[PDB]
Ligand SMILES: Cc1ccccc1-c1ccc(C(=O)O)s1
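What follows is one chain in structure tokens, specifically the form solved without the ligand.
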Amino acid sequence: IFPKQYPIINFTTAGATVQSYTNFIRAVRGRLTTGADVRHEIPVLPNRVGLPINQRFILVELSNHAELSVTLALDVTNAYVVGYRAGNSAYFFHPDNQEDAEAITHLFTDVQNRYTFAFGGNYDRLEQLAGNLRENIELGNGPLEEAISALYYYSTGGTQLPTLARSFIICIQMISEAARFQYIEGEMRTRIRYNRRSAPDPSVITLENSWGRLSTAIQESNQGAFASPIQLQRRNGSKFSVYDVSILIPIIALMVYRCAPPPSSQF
């Protein structure tokens, strides 16, 4: 066995409800952030520069309403889905650097088959493969159910890259993005609430694209005041500017490490 297995969080699309979903998201958030290091009341993700391999990844066990199981590997430093496991085969996205590649080799070391995609796992690449943009890809418990099915069957011959990519895009938003933004969590919650399945509107997309920007601004903000007005998008697509972190507090839940903690008065 591998010395100390990474924490595993489970979820199932079977009898999934708003409650179970909320629990899942809160659990993920709790495993990502150590609780400590919060800038302007918002918790920050662990700094990779000094983060040991053992406390680098979080496993997410996704099960279908038809005995299908798949396990995603979440990068604790940015809630980035690095890869997944199905049956006895592990698939990882092409790393952007040797450092991460070195870390990736520690995932699912007990599988018989390991494969590394030539393409990256970032939205821009995935959308090209899926032949569909996020704004045209539906989200919800249903789509998620189908997503798990595709991912699992990839290791058996189903393959179909367009579908495979689409599945990833779905899982990422419903898990990673949901844990990142309390707002996105709500969107998914409403969808599950009414057994709905719909594509994400502008406001959601913009947030996903601006996660890094926001994290930076909030950390380099003079006591909450942003150094420059950040433009965001509304549900109808209309743009608006944000000047203070206060407005974003109930929206964003987690931020990626950017600036080094100043006098850390952690009390």
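Sequential numbering from 1, following the sequence displayed. In this text, rigid core is short for the largest set of C-alphas that superpose within 1.5 Å between two forms. Shifts are known only where both forms have a C-alpha.
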Per the entry, higher mean C-alpha B factor between 173-181 and 85-93: 85-93
Stretch with the greater mean C-alpha B-factor as recorded in the entry, comparing 53-61 against 210-218: 53-61
Of the residues 204, 227, 38, 28, the one carrying the largest Cα B-factor as recorded: 38
Relative C-alpha B-factor of residue 253, binned into the chain's lowest, middle or highest third: lowest
Ranked C-alpha temperature factor of residue 143 among modelled chain residues, by third: lowest
Residue 135 by Cα B-factor - lowest, middle or highest third of the modelled chain: middle
Chain third (lowest, middle, highest) by recorded CA B-factor, residue given as residue 192: lowest
Chain-relative CA temperature factor third for residue 98: highest
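FYI, the form deposited with the ligand bound isn't displayed, but the following is about it.
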Contact residue in the deposited bound form, chosen from 218, 232, 58, 44 - any heavy atom within 4.5 Å of the ligand: 232
Non-hydrogen atom contact residue 183 with the ligand in the deposited bound form at 4.5 angstroms: yes
Distance check, residue 251 to the ligand in the deposited bound form, heavy atom within 4.5 Å: yes
The ligand contact in the deposited bound form: residue 203, any heavy atom under 4.5 Å: yes
Close approach of residue 207 to the ligand in the deposited bound form, 4.5 Å, heavy atom: yes
Once both forms are overlaid on the core, stretches between the shown form and the other one of 3 or more residues with C-alpha shifts of 2 Å or more: 1-4
